[PDB]
2 protein chains.
Amino acid sequence: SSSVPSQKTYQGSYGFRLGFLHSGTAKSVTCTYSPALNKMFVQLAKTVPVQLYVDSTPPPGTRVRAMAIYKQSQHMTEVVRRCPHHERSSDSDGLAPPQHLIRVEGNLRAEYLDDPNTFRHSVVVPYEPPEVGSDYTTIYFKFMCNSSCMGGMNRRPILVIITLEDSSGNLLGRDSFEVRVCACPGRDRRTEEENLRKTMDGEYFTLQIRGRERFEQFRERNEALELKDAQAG
Amino acid sequence: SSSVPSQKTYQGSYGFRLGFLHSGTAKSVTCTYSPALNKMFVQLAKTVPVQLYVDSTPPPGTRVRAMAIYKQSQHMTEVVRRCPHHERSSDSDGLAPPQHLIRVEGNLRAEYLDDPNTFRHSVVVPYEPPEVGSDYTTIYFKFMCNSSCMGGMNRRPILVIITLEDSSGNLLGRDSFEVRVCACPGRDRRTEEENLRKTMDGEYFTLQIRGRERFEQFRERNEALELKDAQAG
Ligand SMILES: [Zn+2]
Ligand SMILES: [Zn+2]
């Protein structure tokens, strides 16, 4: 169990914040971001473009770090790892250490860290200004395990924290977004957005039940009711 | 409907914060504060002592203001008022304007305000340093309506906000505490603390429900079960 890093959005002096491509939701999309959920949906090991915006250029030596943590409070102290199956497969590509869930693509100056005090994984790269005629710098990531990987994330949602820091590692800025690695990003984005939509217009509701046995009674009853809805229509 | 004032705790430059007497919970107590709930329990129009602490002395002209707002999100924009029955009774004492729920006792420099832009009520007094041989200044309040007053708070919980300000009304500090005016503060404090006790000790699970009425039904069942939890013991 490890201490939990802060996820507080912080633009800092240089006005640091993330930007994402506006994509559709066709079942064939390999990667799609949901603004309404601040959640990125992507397929296994598929490229994820992330835009870095600043209002003023940071000093030389500035760096950008990516780290993942579990979103659920009860699993926050558990380091996010790849499942054993994917991690120990004999056919690793060697492009990055095999234990890292998050990789940076297209950057040979990328450094992978395994913190000596928290044992948390992160990948870091030198901050680079936008290309001429552009106001953002692009970073491409790849996630090496599905959200449902047993022995890994095991269907637990994760948050990706991006921090802007100086050469020493001091904080300059921070932002984050949720991530779900799945087979069909398009339909999953639509499903989760619909779930949010139905919750806001009073179609879906949630209830907190005390005690595991009590909760189970309520869940079983709710199932019978939905089975009855299915049968009714 | 009126804008909602901030309830953000803020000690400011002078280290401003509230202090309260430690009291018992016998059914005969007229006023008793719950540290665990940051909630004051008091009988109708009974004196409520509140201690003002600062680490450094505020400049001359500094003032202390008390204002109440409803705690529940859905009722926050509704101005907190006394019920009509208590407000329009012919036998008003004239010690303070009759519409004010909150009064300051024992201070002839107390000023009652009916905001011209928000129509919210508040009482303000000049800030005074602690008596020699003391590190806090005491302010005494009186609440002129029961929490259950129909046509008034109507059983809706209220939050009292105390703000330290300069002579011009600029913010210097802020703190707050919940309040419940009832017949038996002692038993109610114990009852509410016990309810909190059961909530902290319990493990909760989330049930996703479809259908407004289906939800209302489960909710009723759940609250009925928690009701029996508080009865058995
Ligand atoms: Zn895996
Ligand atoms: Zn009343």
# chains A, B, ... in the order shown; residues from 1 in each chain; ligands from 1
call {"tool": "residues_around", "arguments": {"residues": "stretch 6-10 of chain A", "least_positions_apart": "6", "cutoff": "10 Å", "atoms": "only C-alpha atoms", "output": "JSON, numbers by chain"}}
result
{"A": [16, 17, 69, 71, 159, 160, 161, 162, 163, 164, 171, 172, 173, 174, 175, 176, 177]}
call {"tool": "residues_around", "arguments": {"residues": "residue A:23", "least_positions_apart": "2", "cutoff": "10 Å", "atoms": "only C-alpha atoms", "output": "ChimeraX atom specification"}}
result
/A:20-21,25-26,29,31-34,186
call {"tool": "residues_around", "arguments": {"residues": "residue B:155", "least_positions_apart": "4", "cutoff": "9 Å", "atoms": "only C-alpha atoms", "output": "MDAnalysis selection string"}}
result
chainID B and resid 146:150 180
call {"tool": "residues_near_ligand", "arguments": {"ligand": "ligand 2", "cutoff": "8 Å", "atoms": "only C-alpha atoms and all ligand atoms", "output": "PyMOL selection string"}}
result
chain B and resi 82-87+144-146+148-153
call {"tool": "calpha_fit_rmsd", "arguments": {"fixed": "chain A", "moving": "chain B"}}
result
2.5 Å
call {"tool": "select_by_dssp", "arguments": {"residues": "stretch 58-175 of chain A", "states": "alpha helix (DSSP H)", "output": "PDB file with N, CA, C and O atoms, in the first residue's frame"}}
result
ATOM      1  N   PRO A  84      -0.286 -10.058 -14.577  1.00  0.00           N
ATOM      2  CA  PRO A  84       0.882 -10.930 -14.744  1.00  0.00           C
ATOM      3  C   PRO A  84       0.974 -11.522 -16.152  1.00  0.00           C
ATOM      4  O   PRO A  84       2.044 -11.543 -16.761  1.00  0.00           O
ATOM      5  N   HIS A  85      -0.152 -12.001 -16.667  1.00  0.00           N
ATOM      6  CA  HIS A  85      -0.183 -12.584 -18.006  1.00  0.00           C
ATOM      7  C   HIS A  85       0.490 -11.683 -19.045  1.00  0.00           C
ATOM      8  O   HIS A  85       1.397 -12.113 -19.763  1.00  0.00           O
ATOM      9  N   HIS A  86       0.061 -10.428 -19.122  1.00  0.00           N
ATOM     10  CA  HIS A  86       0.644  -9.500 -20.088  1.00  0.00           C
ATOM     11  C   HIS A  86       2.059  -9.072 -19.733  1.00  0.00           C
ATOM     12  O   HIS A  86       2.900  -8.856 -20.615  1.00  0.00           O
ATOM     13  N   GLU A  87       2.319  -8.950 -18.437  1.00  0.00           N
ATOM     14  CA  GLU A  87       3.619  -8.512 -17.946  1.00  0.00           C
ATOM     15  C   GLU A  87       4.754  -9.503 -18.135  1.00  0.00           C
ATOM     16  O   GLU A  87       5.875  -9.116 -18.465  1.00  0.00           O
ATOM     17  N   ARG A  88       4.472 -10.782 -17.916  1.00  0.00           N
ATOM     18  CA  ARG A  88       5.507 -11.798 -18.023  1.00  0.00           C
ATOM     19  C   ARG A  88       5.557 -12.574 -19.329  1.00  0.00           C
ATOM     20  O   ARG A  88       6.356 -13.499 -19.455  1.00  0.00           O
TER      21      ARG A  88
END
call {"tool": "interface_residues", "arguments": {"of": "chain A", "to": "chain B", "cutoff": "10 Å", "atoms": "only C-alpha atoms", "output": "PyMOL selection string"}}
result
chain A and resi 198-199+202-212+214-216+218-219+221-223+225-226
call {"tool": "write_last_selection", "arguments": {"atoms": "N, CA and C atoms", "output": "PDB file, in the first residue's frame"}}
result
ATOM      1  N   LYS A 198     -29.222   9.650 -18.165  1.00  0.00           N
ATOM      2  CA  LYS A 198     -30.390   9.116 -17.465  1.00  0.00           C
ATOM      3  C   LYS A 198     -30.382   9.398 -15.966  1.00  0.00           C
ATOM      4  N   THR A 199     -29.198   9.618 -15.411  1.00  0.00           N
ATOM      5  CA  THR A 199     -29.088   9.914 -13.991  1.00  0.00           C
ATOM      6  C   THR A 199     -29.481  11.365 -13.738  1.00  0.00           C
ATOM      7  N   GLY A 202     -33.411  12.043 -13.926  1.00  0.00           N
ATOM      8  CA  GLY A 202     -34.232  11.216 -13.050  1.00  0.00           C
ATOM      9  C   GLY A 202     -34.789   9.919 -13.614  1.00  0.00           C
ATOM     10  N   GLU A 203     -33.963   9.187 -14.350  1.00  0.00           N
ATOM     11  CA  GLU A 203     -34.384   7.919 -14.934  1.00  0.00           C
ATOM     12  C   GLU A 203     -33.680   6.812 -14.152  1.00  0.00           C
ATOM     13  N   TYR A 204     -32.440   7.090 -13.757  1.00  0.00           N
ATOM     14  CA  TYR A 204     -31.633   6.153 -12.989  1.00  0.00           C
ATOM     15  C   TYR A 204     -31.333   6.770 -11.637  1.00  0.00           C
ATOM     16  N   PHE A 205     -31.262   5.935 -10.609  1.00  0.00           N
ATOM     17  CA  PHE A 205     -30.974   6.425  -9.273  1.00  0.00           C
ATOM     18  C   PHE A 205     -30.050   5.452  -8.570  1.00  0.00           C
ATOM     19  N   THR A 206     -29.362   5.938  -7.542  1.00  0.00           N
ATOM     20  CA  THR A 206     -28.456   5.107  -6.759  1.00  0.00           C
ATOM     21  C   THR A 206     -28.873   5.195  -5.304  1.00  0.00           C
ATOM     22  N   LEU A 207     -28.625   4.128  -4.557  1.00  0.00           N
ATOM     23  CA  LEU A 207     -28.985   4.091  -3.151  1.00  0.00           C
ATOM     24  C   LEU A 207     -27.890   3.404  -2.357  1.00  0.00           C
ATOM     25  N   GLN A 208     -27.536   3.993  -1.221  1.00  0.00           N
ATOM     26  CA  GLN A 208     -26.503   3.430  -0.367  1.00  0.00           C
ATOM     27  C   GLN A 208     -27.120   2.491   0.662  1.00  0.00           C
ATOM     28  N   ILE A 209     -26.689   1.234   0.649  1.00  0.00           N
ATOM     29  CA  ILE A 209     -27.200   0.237   1.580  1.00  0.00           C
ATOM     30  C   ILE A 209     -26.092  -0.130   2.573  1.00  0.00           C
ATOM     31  N   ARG A 210     -26.422  -0.141   3.861  1.00  0.00           N
ATOM     32  CA  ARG A 210     -25.441  -0.474   4.891  1.00  0.00           C
ATOM     33  C   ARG A 210     -25.392  -1.983   5.115  1.00  0.00           C
ATOM     34  N   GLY A 211     -24.186  -2.537   5.182  1.00  0.00           N
ATOM     35  CA  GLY A 211     -24.047  -3.968   5.399  1.00  0.00           C
ATOM     36  C   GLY A 211     -24.078  -4.753   4.099  1.00  0.00           C
ATOM     37  N   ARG A 212     -23.144  -5.691   3.956  1.00  0.00           N
ATOM     38  CA  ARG A 212     -23.053  -6.504   2.748  1.00  0.00           C
ATOM     39  C   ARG A 212     -24.242  -7.441   2.559  1.00  0.00           C
ATOM     40  N   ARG A 214     -27.334  -7.046   3.796  1.00  0.00           N
ATOM     41  CA  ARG A 214     -28.506  -6.230   3.512  1.00  0.00           C
ATOM     42  C   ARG A 214     -28.471  -5.817   2.041  1.00  0.00           C
ATOM     43  N   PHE A 215     -27.316  -5.327   1.596  1.00  0.00           N
ATOM     44  CA  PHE A 215     -27.146  -4.904   0.213  1.00  0.00           C
ATOM     45  C   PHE A 215     -27.499  -6.031  -0.745  1.00  0.00           C
ATOM     46  N   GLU A 216     -27.075  -7.243  -0.398  1.00  0.00           N
ATOM     47  CA  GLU A 216     -27.334  -8.407  -1.237  1.00  0.00           C
ATOM     48  C   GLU A 216     -28.831  -8.689  -1.368  1.00  0.00           C
ATOM     49  N   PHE A 218     -31.231  -6.438  -1.255  1.00  0.00           N
ATOM     50  CA  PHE A 218     -31.718  -5.407  -2.164  1.00  0.00           C
ATOM     51  C   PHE A 218     -31.312  -5.684  -3.611  1.00  0.00           C
ATOM     52  N   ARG A 219     -30.087  -6.162  -3.811  1.00  0.00           N
ATOM     53  CA  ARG A 219     -29.618  -6.439  -5.165  1.00  0.00           C
ATOM     54  C   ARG A 219     -30.411  -7.568  -5.811  1.00  0.00           C
ATOM     55  N   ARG A 221     -33.447  -8.535  -5.090  1.00  0.00           N
ATOM     56  CA  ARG A 221     -34.797  -8.058  -5.351  1.00  0.00           C
ATOM     57  C   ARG A 221     -34.799  -7.195  -6.616  1.00  0.00           C
ATOM     58  N   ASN A 222     -33.792  -6.336  -6.751  1.00  0.00           N
ATOM     59  CA  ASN A 222     -33.692  -5.461  -7.917  1.00  0.00           C
ATOM     60  C   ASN A 222     -33.530  -6.270  -9.208  1.00  0.00           C
ATOM     61  N   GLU A 223     -32.817  -7.392  -9.110  1.00  0.00           N
ATOM     62  CA  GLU A 223     -32.589  -8.268 -10.254  1.00  0.00           C
ATOM     63  C   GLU A 223     -33.898  -8.904 -10.704  1.00  0.00           C
ATOM     64  N   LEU A 225     -36.820  -7.769 -10.270  1.00  0.00           N
ATOM     65  CA  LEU A 225     -37.642  -6.716 -10.858  1.00  0.00           C
ATOM     66  C   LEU A 225     -37.220  -6.421 -12.294  1.00  0.00           C
ATOM     67  N   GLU A 226     -35.915  -6.421 -12.558  1.00  0.00           N
ATOM     68  CA  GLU A 226     -35.452  -6.152 -13.914  1.00  0.00           C
ATOM     69  C   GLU A 226     -35.699  -7.368 -14.810  1.00  0.00           C
TER      70      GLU A 226
END
call {"tool": "closest_residue", "arguments": {"among": "A:93, A:39, A:99, A:59", "to": "ligand 1", "atoms": "only C-alpha atoms and all ligand atoms"}}
result
A:99
call {"tool": "residues_around", "arguments": {"residues": "residue B:196", "least_positions_apart": "4", "cutoff": "9 Å", "atoms": "only C-alpha atoms", "output": "ChimeraX atom specification"}}
result
/B:36-37,191-192,200-201
call {"tool": "write_last_selection", "arguments": {"atoms": "C-alpha atoms", "output": "short mmCIF file (atom, residue, chain, number, x, y, z; two decimals), in the first residue's frame"}}
result
data_model
loop_
_atom_site.label_atom_id
_atom_site.label_comp_id
_atom_site.auth_asym_id
_atom_site.auth_seq_id
_atom_site.Cartn_x
_atom_site.Cartn_y
_atom_site.Cartn_z
CA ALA B 36 -18.53 15.48 16.34
CA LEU B 37 -21.38 17.13 14.40
CA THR B 191 -29.73 10.71 19.16
CA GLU B 192 -27.97 12.47 16.30
CA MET B 200 -19.28 5.83 10.32
CA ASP B 201 -19.05 2.26 11.59
#
